[PDB]
Structures are given as C-alpha cells and as structure tokens.
Amino acid sequence: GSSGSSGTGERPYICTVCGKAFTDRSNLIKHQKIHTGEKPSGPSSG
Ligand SMILES: [Zn+2]
C-alpha cells in the first residue's frame with residue numbers, strides 16, 4: 001500500500017458530505033463550494 005499523511009491527529013471540522021477533514025472552519029466552507037457548485041445552470045438535475 002501507499003499512504004502518506006502529517007501523521008497522527010484528528011480535526012475538529014469534518015465535511016459531513018463526502019468525508020473530508022479540515023483544520024480551519026473557513027477552509028471547510030471553501031470546500032463545500034464543490035458540493036454546492038458542481039454544474040452550471042443547465043438541464044442538469046443535480
Ligand atoms: Zn466535501
């Protein structure tokens with residue numbers, strides 16, 4: 001296998017949509033931009 005991370009330790013904020021973690025709240029909010037904005041105003045139905 002192959003997994004490289006800062007090491008041990010968890011985060012306070014965690015995207016309750018995909019399953020991602022974030023140290024700073026702001027950072028998290030910026031990430032949601034992917035769940036709130038994925039496709040433009042078109043025939044798409046989410
Ligand atoms: Zn997410």
# chains A, B, ... in the order shown; residues from 1 in each chain; ligands from 1
>>> residues_around(residues="range 2-11 of chain A", least_positions_apart="5", cutoff="9 Å", atoms="only C-alpha atoms", output="list in words")
residues 21, 22, 23 and 24 of chain A
>>> select_by_dssp(residues="chain A", states="helix (DSSP H, G or I)", output="list in words")
residues 25, 26, 27, 28, 29, 30, 31, 32, 33, 34, 35 and 36 of chain A
>>> residues_near_ligand(ligand="ligand 1", cutoff="9 Å", atoms="only C-alpha atoms and all ligand atoms", output="count of residues only")
14
>>> select_by_dssp(residues="chain A", states="strand (DSSP E or B)", output="VMD selection string")
chain A and resid 13 to 14 21 to 22
>>> decode(residues="range 19-36 of chain A", atoms="N, CA, C and O atoms", output="compact mmCIF listing (two decimals), in the first residue's frame")
# COMPACT_ATOMS: atom_id res chain seq x y z
N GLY A 19 -16.75 13.30 3.38
CA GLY A 19 -15.97 12.63 4.40
C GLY A 19 -14.56 13.18 4.50
O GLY A 19 -13.61 12.44 4.79
N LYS A 20 -14.41 14.48 4.27
CA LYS A 20 -13.11 15.13 4.34
C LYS A 20 -12.97 15.93 5.63
O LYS A 20 -13.96 16.41 6.18
N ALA A 21 -11.74 16.07 6.10
CA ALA A 21 -11.47 16.81 7.32
C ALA A 21 -10.81 18.15 7.02
O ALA A 21 -10.18 18.32 5.98
N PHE A 22 -10.97 19.11 7.93
CA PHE A 22 -10.39 20.43 7.76
C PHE A 22 -9.99 21.03 9.11
O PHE A 22 -10.74 20.96 10.08
N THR A 23 -8.79 21.62 9.15
CA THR A 23 -8.29 22.22 10.38
C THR A 23 -9.03 23.51 10.70
O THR A 23 -9.56 23.68 11.80
N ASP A 24 -9.07 24.43 9.73
CA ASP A 24 -9.75 25.70 9.91
C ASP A 24 -11.16 25.66 9.32
O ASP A 24 -11.37 25.12 8.23
N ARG A 25 -12.12 26.22 10.05
CA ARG A 25 -13.51 26.24 9.60
C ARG A 25 -13.62 26.84 8.20
O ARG A 25 -14.21 26.24 7.30
N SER A 26 -13.04 28.02 8.03
CA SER A 26 -13.08 28.71 6.74
C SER A 26 -12.73 27.75 5.60
O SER A 26 -13.46 27.65 4.62
N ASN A 27 -11.61 27.05 5.75
CA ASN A 27 -11.16 26.10 4.74
C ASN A 27 -12.29 25.16 4.35
O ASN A 27 -12.54 24.93 3.16
N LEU A 28 -12.97 24.61 5.35
CA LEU A 28 -14.07 23.69 5.11
C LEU A 28 -15.14 24.33 4.23
O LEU A 28 -15.54 23.77 3.21
N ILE A 29 -15.60 25.51 4.64
CA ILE A 29 -16.62 26.23 3.90
C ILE A 29 -16.23 26.38 2.43
O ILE A 29 -17.07 26.24 1.54
N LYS A 30 -14.95 26.65 2.19
CA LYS A 30 -14.45 26.82 0.83
C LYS A 30 -14.55 25.51 0.05
O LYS A 30 -14.75 25.51 -1.16
N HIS A 31 -14.42 24.39 0.76
CA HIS A 31 -14.50 23.08 0.13
C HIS A 31 -15.93 22.78 -0.33
O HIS A 31 -16.14 22.25 -1.42
N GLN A 32 -16.90 23.13 0.51
CA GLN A 32 -18.30 22.91 0.18
C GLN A 32 -18.64 23.45 -1.20
O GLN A 32 -19.60 23.02 -1.84
N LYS A 33 -17.84 24.40 -1.67
CA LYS A 33 -18.04 25.00 -2.98
C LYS A 33 -18.14 23.93 -4.06
O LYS A 33 -18.62 24.20 -5.16
N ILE A 34 -17.68 22.73 -3.74
CA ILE A 34 -17.72 21.62 -4.68
C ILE A 34 -19.06 20.90 -4.63
O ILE A 34 -19.54 20.38 -5.64
N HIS A 35 -19.67 20.87 -3.45
CA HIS A 35 -20.96 20.22 -3.26
C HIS A 35 -22.10 21.16 -3.63
O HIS A 35 -23.17 20.71 -4.05
N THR A 36 -21.87 22.45 -3.47
CA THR A 36 -22.88 23.46 -3.79
C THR A 36 -22.79 23.89 -5.24
O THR A 36 -23.79 24.27 -5.85
